[PDB]
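First come two forms of one protein chain, each written alone as structure tokens, so that there is a structure 1 and a structure 2.
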Structure 1
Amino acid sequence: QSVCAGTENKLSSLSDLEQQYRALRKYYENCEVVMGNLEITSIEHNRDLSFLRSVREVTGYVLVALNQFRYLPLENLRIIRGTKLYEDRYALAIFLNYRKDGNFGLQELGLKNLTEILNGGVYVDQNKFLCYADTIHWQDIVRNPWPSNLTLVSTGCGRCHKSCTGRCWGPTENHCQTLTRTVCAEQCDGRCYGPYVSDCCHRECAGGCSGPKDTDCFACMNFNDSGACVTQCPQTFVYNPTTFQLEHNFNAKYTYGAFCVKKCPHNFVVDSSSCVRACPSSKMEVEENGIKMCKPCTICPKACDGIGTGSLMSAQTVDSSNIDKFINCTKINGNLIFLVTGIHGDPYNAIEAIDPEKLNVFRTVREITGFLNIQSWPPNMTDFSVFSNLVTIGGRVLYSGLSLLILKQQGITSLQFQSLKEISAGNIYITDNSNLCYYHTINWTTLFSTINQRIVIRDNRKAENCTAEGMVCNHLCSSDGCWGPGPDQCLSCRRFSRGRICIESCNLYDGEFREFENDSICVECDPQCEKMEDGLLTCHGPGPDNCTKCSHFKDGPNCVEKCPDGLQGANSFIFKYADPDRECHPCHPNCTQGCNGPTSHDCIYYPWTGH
């Protein structure tokens, strides 16, 4: 229950042998569980290492090399998990522990309780003064003996106490090696404390046991939940009999090493059912049910300084030297400016011009709290589709009353601000884009937030010379206009929408995947809803309880692929049978493996157990 990080220095040590010893002691001082590697190196002859008696478990490997002390005090080291291995091979490595051309050197191993090495091999050789080690039957300690090549122990040595002869860590009687796996009966799944069936330890017991219960283990094979060795921690979701579906489990626990905890350690957060340093890239840290945890994002939020804010205050424009400074940004706290100097750069003074493909970096942007000034753009780029996910332009700050500006650009035909829906404050100014159309089709008033917000549009390709040239808004679009060609470039849909695309109607009566309409938005019906023909809707809302008919079975109000077959419940596994009408009902509590019906005589049993 005391925890500490290990080290990964391997054969790296401090020149000052005094500081080395002091280092070791500071690290594993009163540590019971080393969540990493136990590395003991470059320690001199007379130094007491009695503080090492605190270590009961090591999840990584144990390295003992270049030492000179006499006795290794790890009499409490019960197990080494081998999550990491020395030289990618050993969970335990002991070598070259003697003074070159001297008399000092490791002589005895105090590993009286080392009965479990879950993963990896053992290397113990090149220890001039080491004794006894070779008497130990490592086959009983090392869980995975393959390749046998990786389990090597070789050795004026004393004798083992009469009580064991041939198998001891030292002369002390209580230092005789205790066998915990090889001496067991066939019936034992794992370890034992005697040669008889009644001596078998519980499945989840590592190292050995002092009893038959999963609470009598010396160490757990997987996790430790409140003293009980279990295969897994209380699940994050359990079946709720009233809602007829899995629900967040308020008793859920999380993994932290070999422990199940209710709350993760200080600098950790919950990701699914484990405790981690930081949330994975696809999730963000949030407070949910009084617990910090990682919730999947729908691109995760990431604020960034704009041109003229914070780390970019000196900047006057986005340029090749700060463009990568907007990677994965979602919200820009400030302005985004595009001046000629930034677009064309300055070759003579070695300042590269903006590489057009890198402008795709703004596709993640959804908001701009300030203004968007575009006085220059790559010649070959026809639109601003790199801003396709742009939703809001706050206009918190304005360029002399302007919140959006697009001047003198000749290489642009359309805007394509696909997701643009809000321009809080400031006025718009799109001028001198003789090749730009669609701009006249927009009802800018839709995007505004107040009456005190004007629009200024001048010498852009005449509405007429487009209107006639083929530059028209798709028919499936509202009278609010579009940002360019296609049904996926409109302000509002005329009929309905499926994603960013405007369409004629939802898949209400036909289609590969049936849908329901939610205020003009088409949403697919749950997969369990049976597709209905001849004018019948397949669903009237989302989820397995809003179907017209279930395609398989029905658990209470929910359409399910199959009735509950061993689902994790609050106190036990949930089982149900299906009546002739494919309706699910509870199995009798005495049926711990399923049933055919309600009766106590309707119990059925797993077909995959026993010979």
Structure 2
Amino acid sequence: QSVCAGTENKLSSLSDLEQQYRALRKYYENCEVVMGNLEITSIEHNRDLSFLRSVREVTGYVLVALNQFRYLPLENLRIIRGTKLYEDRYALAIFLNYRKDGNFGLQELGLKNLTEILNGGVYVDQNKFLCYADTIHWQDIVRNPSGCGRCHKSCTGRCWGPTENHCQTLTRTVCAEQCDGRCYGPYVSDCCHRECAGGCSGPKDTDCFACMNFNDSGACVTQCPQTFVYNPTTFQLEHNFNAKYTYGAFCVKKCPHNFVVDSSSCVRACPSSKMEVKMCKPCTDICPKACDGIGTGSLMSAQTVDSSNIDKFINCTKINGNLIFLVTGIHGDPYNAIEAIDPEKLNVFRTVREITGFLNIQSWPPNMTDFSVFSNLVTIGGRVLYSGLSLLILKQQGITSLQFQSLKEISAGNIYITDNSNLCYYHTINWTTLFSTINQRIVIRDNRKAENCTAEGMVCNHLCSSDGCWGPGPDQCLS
């Protein structure tokens, strides 16, 4: 069975309509199970759509709008699950399939095998030249309760096209009262297994056209075989060798390539508040999100953090590169249209736990007394250095304390904390405890005199170790 992903384009199309067609063929040709939506929009009159015969099932919605072809060749389409709906209303939407001043438009629907719409409504409207679809009993299909040709005599006034072989096959409204679902005839012995969607060829869960829920090796089951199965004799949950994950309406021993396991299911990526581990576990800290720093990938050409790039750092926990704050970044670039940074926007770094390169503070908003926006920064990697330095805090008159409360590791490079005239606490810090290697040293010069700090009461809390503090209070200790 061949699987593919849908589109989430709705009415949008490529301006070159031949390209809209090539995209359609590319996305859906040779695909049997659409994991998502089937959107056929803005397709011209003389186009070969016969490749749509590969499709047996759509999980999302089927959208057919603004097209101009005569026939819709979806003859193998058995089921629309309607997991996602068009405008959150329709599983099947067929409209405006005509072009003005040209007797070009949709004439008939090749949907003879379409007998199941699990969720959503049906919307068939304003198709100038569409015939027969008005004779269809959508009540049988949907599980939730101009001058045209005539249906063939045998079709009993319900058909998709004009011949004896275009009749609508009813699989629910023609059943015996006893049936849990669909049927293949009108007798009591003709009921399908309750797990059969579309209909069936016999009474077993292996005789279905499609599955109501999941398909476990040809059998239509309520749920996939679990990791542990109860044993009524031994009274224990025995390990199930047949255990399978859910991949849409399939039960799989192995998820497709690069997919993750979220609560027994195969997903493209972990949901919000969950993290990859390949399984999805709830987040230990703030969910991991690696970001490019100044001079890396997306920010290769960037020189400082500024108003035009600040937002690229929203929810980042790890910075791949550096974090650089220059005068042009803090105070704005008059030589361009780059205005000064909203100092409140620097709060965006409160999610950052790691910086792989260096932290270079050449400028800081003069009303910010500290670096508490970096309160959760655990590591400075120093994988790349600024003249041997991995931490540079230079010439800040506005700063009073550091307040890097989570800073536990400076993996490489030296420290340069200089000419910060009003800065205290720095002298209480035993930098050694943060350094990973012998060569790592500190340049400390012309900050507030340690004696004047003490006299003014800028001292570590009693709870702090001999290692010192980043600022005042008992939340600022090194150990």
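Whichever C-alpha set is largest while still superposing within 1.5 Å between the two forms counts as the rigid core. Residue indices: 1-based, along structure 1.
Q: Of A228, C264, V472, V183, which one has a Cα that moves 2 Å or more between the two structures once the core is lined up?
A: Among the listed residues, the outlier is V472.
Q: Can you give me the hinge-style rotation of the smaller rigid part versus the larger one between the two structures, in degrees?
A: Comparing the two forms, the smaller part rotates by 20 degrees relative to the larger.
Q: Aligning on the rigid core, what is the distance the CA of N460 moves between the two structures, in angstrom?
A: Taking the core as reference, the C-alpha of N460 is shifted 19.3 Å.
Q: Can you give the CA shift of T165 between the two structures, in Å, with the two forms fit on their core?
A: So the C-alpha of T165 has moved 3.3 Å between the two structures.
Q: Any chance you could measure the C-alpha shift of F237 between the two structures with the core superposed, in Å?
A: Comparing between the two structures after core fitting, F237 shifts 1.7 Å at its C-alpha.
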